[PDB]
Amino acid sequence: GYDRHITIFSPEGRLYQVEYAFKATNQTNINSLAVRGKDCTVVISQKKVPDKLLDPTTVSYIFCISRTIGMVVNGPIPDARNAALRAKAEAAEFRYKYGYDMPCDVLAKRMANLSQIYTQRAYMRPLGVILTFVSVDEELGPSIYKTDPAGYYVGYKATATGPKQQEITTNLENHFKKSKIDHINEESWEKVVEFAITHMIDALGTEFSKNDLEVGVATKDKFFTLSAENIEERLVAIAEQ
Amino acid sequence: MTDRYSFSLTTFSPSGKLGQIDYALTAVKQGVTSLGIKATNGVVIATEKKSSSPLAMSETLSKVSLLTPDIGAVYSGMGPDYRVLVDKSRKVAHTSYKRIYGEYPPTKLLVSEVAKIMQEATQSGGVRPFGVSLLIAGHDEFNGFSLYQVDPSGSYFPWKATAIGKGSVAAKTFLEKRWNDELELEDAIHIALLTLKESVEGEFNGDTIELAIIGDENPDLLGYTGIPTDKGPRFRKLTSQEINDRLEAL
Amino acid sequence: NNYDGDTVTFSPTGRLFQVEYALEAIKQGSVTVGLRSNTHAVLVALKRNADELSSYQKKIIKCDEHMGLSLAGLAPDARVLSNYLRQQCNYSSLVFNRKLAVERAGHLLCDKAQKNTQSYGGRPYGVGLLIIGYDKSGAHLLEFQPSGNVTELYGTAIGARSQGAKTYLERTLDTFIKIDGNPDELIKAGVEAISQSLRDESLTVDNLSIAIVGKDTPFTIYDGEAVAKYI
Amino acid sequence: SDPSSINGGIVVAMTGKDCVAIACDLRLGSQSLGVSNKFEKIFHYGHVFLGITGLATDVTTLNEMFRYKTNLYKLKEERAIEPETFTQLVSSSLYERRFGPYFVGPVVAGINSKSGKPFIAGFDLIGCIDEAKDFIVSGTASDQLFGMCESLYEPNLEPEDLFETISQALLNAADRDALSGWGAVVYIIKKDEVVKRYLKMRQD
Amino acid sequence: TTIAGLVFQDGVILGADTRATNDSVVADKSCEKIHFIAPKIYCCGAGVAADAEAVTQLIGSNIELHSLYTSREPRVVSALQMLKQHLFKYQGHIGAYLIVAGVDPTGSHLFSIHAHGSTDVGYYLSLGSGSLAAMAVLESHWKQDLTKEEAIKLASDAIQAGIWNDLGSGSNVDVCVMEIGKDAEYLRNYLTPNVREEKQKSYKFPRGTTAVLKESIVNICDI
Amino acid sequence: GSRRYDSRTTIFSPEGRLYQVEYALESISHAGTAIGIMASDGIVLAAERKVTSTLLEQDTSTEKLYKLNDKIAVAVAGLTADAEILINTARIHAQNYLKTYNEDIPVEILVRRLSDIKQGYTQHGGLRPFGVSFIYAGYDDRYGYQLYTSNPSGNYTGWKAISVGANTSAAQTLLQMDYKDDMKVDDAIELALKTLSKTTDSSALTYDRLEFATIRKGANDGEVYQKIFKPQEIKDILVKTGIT
Amino acid sequence: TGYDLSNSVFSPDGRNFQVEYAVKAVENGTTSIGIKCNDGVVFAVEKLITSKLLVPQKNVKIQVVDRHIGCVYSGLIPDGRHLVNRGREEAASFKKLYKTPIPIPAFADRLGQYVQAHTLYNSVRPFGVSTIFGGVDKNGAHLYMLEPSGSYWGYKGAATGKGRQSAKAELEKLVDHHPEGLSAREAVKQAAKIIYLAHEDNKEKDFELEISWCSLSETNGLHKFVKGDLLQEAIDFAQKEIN
Amino acid sequence: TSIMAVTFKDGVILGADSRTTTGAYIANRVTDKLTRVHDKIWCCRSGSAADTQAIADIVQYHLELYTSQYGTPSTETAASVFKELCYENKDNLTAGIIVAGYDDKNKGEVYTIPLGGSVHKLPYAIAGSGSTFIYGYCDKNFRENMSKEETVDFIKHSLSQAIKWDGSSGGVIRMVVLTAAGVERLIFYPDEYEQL
Ligand SMILES: *[C@@H](CS(C)(=O)=O)[C@H](Cc1ccc(CN)cc1)NC(=O)[C@H](CC(C)C)NC(=O)[C@H](CC(C)C)NC(=O)c1cnccn1
Ligand SMILES: [Cl-]
Ligand SMILES: [Mg+2]
Ligand SMILES: [Mg+2]
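Protein chains in written order, with the deposited numbering: chain U, 2 to 242; chain O, 1 to 250; chain S, 3 to 233; chain W, 1 to 204; chain V, 1 to 223; chain P, 1 to 244; chain T, 2 to 244; chain b, 1 to 196.
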């Protein structure tokens, strides 16, 4: 049974190493969520600092890839950082060669094509990570594009990733079935973040403090992460209505 | 930090089977149904946009791809393998042909180049075969319209009409009854939509079906005027609206 | 068991069996002793013969005018590592007009041996080395294991039955460290130490091999009738 | 010293009504010394004709090369190559040697088998295409040929008139060049017949 | 050669003559110096003719593949960057001097590229042996917010100045108009001020005038 | 490391056989039968297609019979994709010989070159061999008409009549029974089709199933012509010989 | 089964068993710690005295990178040296191009990517060391700890090796009892104590304490070893606390 | 070419002419020789236009990738990247670059990189063909910690003389102001500066 050790086909037509890379994705036990506003894209993620010795400022699964692109990862941090560094390099090289900023979806495709190569070539293992790329693209507008270990990628109106993704997905599905639009009809990003946090609270059935969340926001011409105090201001606003 | 897999991962078993190719064909079987039908004045290729989530934007996932202005491709099996094959197919059309002869390759030769790439994955060191079957529809000045199937093995066969993937056995029987050598392009599109309805469970509309044609030259889609010889791409992907129009007359 | 096929594989308890097996080749090797004072450093080596017709396998190799080693285990591997040491000692001389530090020589051997333990295809070195030298910070003695571990010591022994010599030196520590400006007495202490590892056989004239380096003493090897004095 | 004018020789090609003509002299020399009076400069690959002037070793080498390439083209495409496609192949092949070029002046002539359209083209040594309607000149007496062609030529000549015009263009040009002459060949090309004529000319 | 490009209200326009010369002689009277790169991106080429043709074709091929990969309209800055990076690599040994213009989702753009890889941004530019004749006209008449009709006039005038006054330039005028929100229109032989005058005599010879030694049929067919 | 997963394609069995060659030959034994018959005035190549579907576009299709140059053709049994790699190499070797010597490549030289390539894959490189057997039909001015076969081992031999692929045992018995040395092309055509007609696993032999080709020195004025038969022309020759 | 025989193979869990086996080698090694203080960091390590024949203060385990970063590690000692040698190459090429000395988070990733690369292929073995490292840069003090997996985080206090649980508990007390922070000289003393307390797990053999420190005020931001009177003051403090 | 960068109280100002010549022909009379490698790190380019562009593009790429990994780079870091390229490829380059940038920590900094690929940190720097004519003037008139209005005048008067005497310099005087307040572009036309 060496068809389960490397990236070759089993008799069923399955790549067991890809399937087991997907199971490594949830090893962190962290749930992420991404949604789109009018002018923005918000990504939130659970932040769990189990050790008191950890410096909580260094515990992050959100990465600033370029000025315009942000990337949240579901999976172990070494692979997350492997994928982050490569994406940064690709986003810089793109700008140099072609004279404009790498679009979100193009980066997602590029990283996916890399992930494909690990499923076909035996010496490379897949990365055990799901990469959720976010930007406000100058041509497409607010954009969510997600890559996985299989090399699959697709755009999203909103998305959720992790152990309890199905609960978050169905919560988001139901909201967009009501509103009948592809996005959160909201002017300020501040309120889109409040939505994201609120609908994760409802889906997971847990309350959050400022140090239980991690937030990334894409606007036109910059992506940035929120500090603990920025998140606190968000949580206060949620509680007050 | 070495690639030590310089030996074939696909080998002959005692019975004479190449296991990895057969298993790649099994993966193609599990894949969503796609089909191709050749008419007198065109070719049509079609497939179901099997959406992994309703939150996903299935428009962004193009199962049907332009390879050259006059050649299009669709698949069944593993989507990521297909995507990279499309990238290589587009490039090989330029490097091994257009930059030499100053014109796009004919259908059969581009197919030959794709077939070669897939064959090499079946024999080269440290790689598994591609887990897709491709259907490539195209036109060129001296061969006219044509439809080809390309398997994980690197083998390719020209078809009048065929189907691959999930419900291909039932779909091919359906195409045998309906196909003739006097079909117009619209008739083939109609038959394509009928055949594809049988293998689809859920919704059946322009948003869940991807469908393209190789037909007449489209000078409106060219983008420029002033060269009489360049008359525009024969490949055209049908819109969500254009599919739903034909579904009323179904 | 299942995890000993190559050097690249950890066992479930965190062990590298190929390295431990290379370590075993040292234990099968013939005994050799290293010890030093503040002025001089001495190697004493019991050379091994194949039979009565054969020569006794040479255990001591010179690296520079101020440094050298004795070996226990695979002699071809000692040749490789010694040759590497010679070149590093030589590089230091030519480029920097500087004699190579014994501590730094140990660091270079450690890192050379390490590369063989982390990569596929290669094997660990199957030899242990006792490096002596006199540099700008006085006398030094190093013990090299092919796991990569290099250890600066007052004295030690490696090879078969080396524990007898090593216990002796552990007792004698306070005596032999003070043997300053007296090469012969320091050699005596090494010859008495290696005698604790002998069984059945005793130290003959073509059996024994001694080397010394010190303050105004280049690294020189003594064999044959030059070591009859110390039997 | 100048490679294009060691060996000498000329090629001219003209269009007519439903026909093309291509012609060449027969001289191969080592500067002043005449060596061969049978060195033909016009070859053909199916129905496409290629004249080549310049350094004679490259003339031979490129003929062998385009035979090779067009043979493989035909085995893969399952049809003979056309003049327009071949022109591009010539250009491609010359420019890939951009910085160590073949010292030649090629001239393509032929009739497209599907459209029936007469076609001529010329190139510089690194592959730039001159796709003329009227005529193409090449070789050591190219100035002379330009002067003859530009006055003598008129469009839509019948095959047997075009023969006279291209012949007289060649002959009178070659007689004003030391390194051209020694005989001359003229191909008259129609959609499905080709006539080849050797010309009588002064042998100095 | 005489090439020019300039901008107008909602677009950019390119112009070029049609004369290619070897040494002192006229090899081509109707060559296209406006090169396709993408449907709405074009390139005027002066300098070494093969180098200018070949460089644009290569970038045009790579632009097409890039467009397919990214599913976006190509940008003029992409062409500009790819051209200059290629030309710089070869240290002017690819002697191509280009004016690149086009329309994309960013807007309309106009750039010049020199053989060594330097690039310029301008509202009106000219290159080739007739650039000084052309620039004289552009400097005397160019203004902001030109209409398309004024722009074509000025572009064709700038090229004409080269055609008449420069020996390197001649024959006809090619123009390409790239306007925002519209298909680019390529206008080969936009002006034809140098048609040859009718000849005094017809030099068609009496048949049999040429002496012939041999005749034969050539077998061009297969088998 | 990687060693764990290496099939070791290029080794001997205890018996002194090459596993992968033997298993590739087993693969080829399931492929559609190809027959080559050499006569005094030409060669015949006949071959059975494997995938009967009514929807297969037969007139533009080529799975069995390929052209190597104007003088030499091959019939294929095994993996088509593998064969097409080798074919493009053989086409190049022909043209390299033509460029060098200014003469068409002799048949045995081209065959040896390909067979040597196949041999290389069995002795070194650790890759699987080519699952292809060829029947080479050709002509040159030294030996005239020649039939050869090569198999995945890279061994090649010359033949008067030969079969590869399926039911070669039954096919070679029937050829050995009816072949004669003074035979002519028209007779060989008939023999080839009769042999396939008896050995076929199909219920009947039809035109849509066959690829057919002849090399004749019966072109205009003593040249050699390769004829790859069109579907209608195979249908005609099936009626002429009396099979349908 | 067989998923633990090769590096870079995912088990059905989604685990790389070879990396987890490298952790067992780290757990087997001697105790090492790191303490982040007000304007710097303090590193300490347990060095088991196997024999009287070991020369005191000579077999130095803590290694400097550039001039401003310290590195200590537990596990296979040679693997730790190979990683520091790499770190030095990384820190050199950074300074060569960018002039400024490598920042500590930047340096942390250069190791983190390198260690992670040794979990991607079956042709290499994972690192058999947890590495505690850090120093002072332009943004202030930083302490990191890096595992065989390539996983690393910033720390207030870090510990690894055989006495890690003991050490971690002691570090957790310091964090709770000093929220405003710990001074550099305080951290040196506490480090000595924590290594002494963590020595109950390696209690058979006696040991030798080794401490180093970067501190903006005490060392000008440079990495220096704690030597002489300051080392003896820390040993005395530690000896007093165990009794 | 006439280019200069001058540190003052609130940060730094870069100044340049706009003339590019091919021999005696002015190929471009409205050139932008002030070029952005980062938000608040710019450079002035002199020498081969092809070379200085190719360099500035590579530096921009490096600093963009630096920013993705390590946050905002110092003006010193940028000058070192410029140097590294210029020095290591000195045999194949004709580039004279003045790097100027604003940190909040360091404030305004100017680094000049002449033909050799050496680096010199200076209070102000002048470069290009036209600079030779204003060494006398700039030395006599420069002061440290000037206001923004004084620094603009100093640059304006300086490049005015440089343009007057040097044929290779001319056109408009472009300037770029770098302070905590942000990035400001200024332009000064012939009719303004010629009458000074
Ligand atoms: C005008 C350029 S100029 C004199 O610097 O203003 C023109 C530009 C041009 C012409 C044709 C095309 C068609 N693709 C594009 C651009 N260039 C020429 O006329 C050049 C001028 C030479 C470089 C001085 N001519 C050539 O390149 C010709 C080939 C032409 C006739 C196709 N080749 C040569 O002059 C030549 C000379 N020695 C060796 C090789 N080639
Ligand atoms: Cl890619
Ligand atoms: Mg003459
Ligand atoms: Mg003569």
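The C-beta atom is built at its ideal place from N, Cα and C for all residues, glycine as well.
Short CB-CB distance (under 8 Å) between residue i and chain S
i	result
T:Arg87	no
T:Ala26	yes
CB contact check: residue i to chain U, cutoff 8 Å
i	result
P:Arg4	yes
T:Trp214	no
V:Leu98	no
Residue i versus residue j: straight-line alpha-carbon distance, rounded
i	j	result
T:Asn60	T:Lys228	14 Å
W:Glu160	V:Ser202	16 Å
V:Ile34	V:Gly95	16 Å
U:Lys221	U:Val135	12 Å
O:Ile191	O:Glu203	18 Å
U:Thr160	U:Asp203	15 Å
T:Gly88	T:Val116	11 Å
U:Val50	U:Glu215	12 Å
Below-8 Å beta-carbon distance, residue i vs any chain b residue
i	result
U:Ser61	no
T:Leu147	no
Residue-chain proximity (residue i, chain O), Cβ-Cβ < 8 Å
i	result
T:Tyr197	no
Residue-level contact to chain T via CB, residue i, 8 Å cutoff
i	result
b:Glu84	yes
U:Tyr21	yes
Integer Cβ distance of residue i from residue j, believed to fall under 8 Å
i	j	result
b:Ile98	b:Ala125	5 Å
W:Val12	W:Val137	5 Å
V:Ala54	V:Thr1	That pair is no contact at about 16 Å.
* Okay, do the segment 117–133 of chain W and the segment 27–34 of chain V touch, 3+ Cβ pairs below 8 Å being the bar? -> yes
* Could you name the residues, in chain order, whose CB is less than 6 Å away from a heavy atom belonging to ligand 4? -> W:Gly34, W:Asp204
* Can you find at least 3 beta carbon pairs, one from the segment 11–27 of chain S and one from the segment 171–180 of chain O, that sit closer than 8 Å? -> No, because fewer than three Cβ pairs between the segment 11–27 of chain S and the segment 171–180 of chain O fall closer than 8 Å, the two stretches do not touch.
* Asked: Do three or more CB pairs link the segment 144–151 of chain T to the segment 119–132 of chain T at distances below 8 Å?
  -> yes
* Asked: When the Cβ atoms of the segment 188–199 of chain P are set against those of the segment 63–80 of chain P, are three or more pairs found closer than 8 Å?
  -> no
* Does the segment 170–181 of chain U come within contact of the segment 199–213 of chain U, defined as at least 3 CB pairs closer than 8 Å? -> yes
* Asked: Whose beta carbon lies closer than 6 Å to any heavy atom of ligand 2, going through the chain in order?
  -> Chain-ordered list of matching residues: U:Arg111, U:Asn114.
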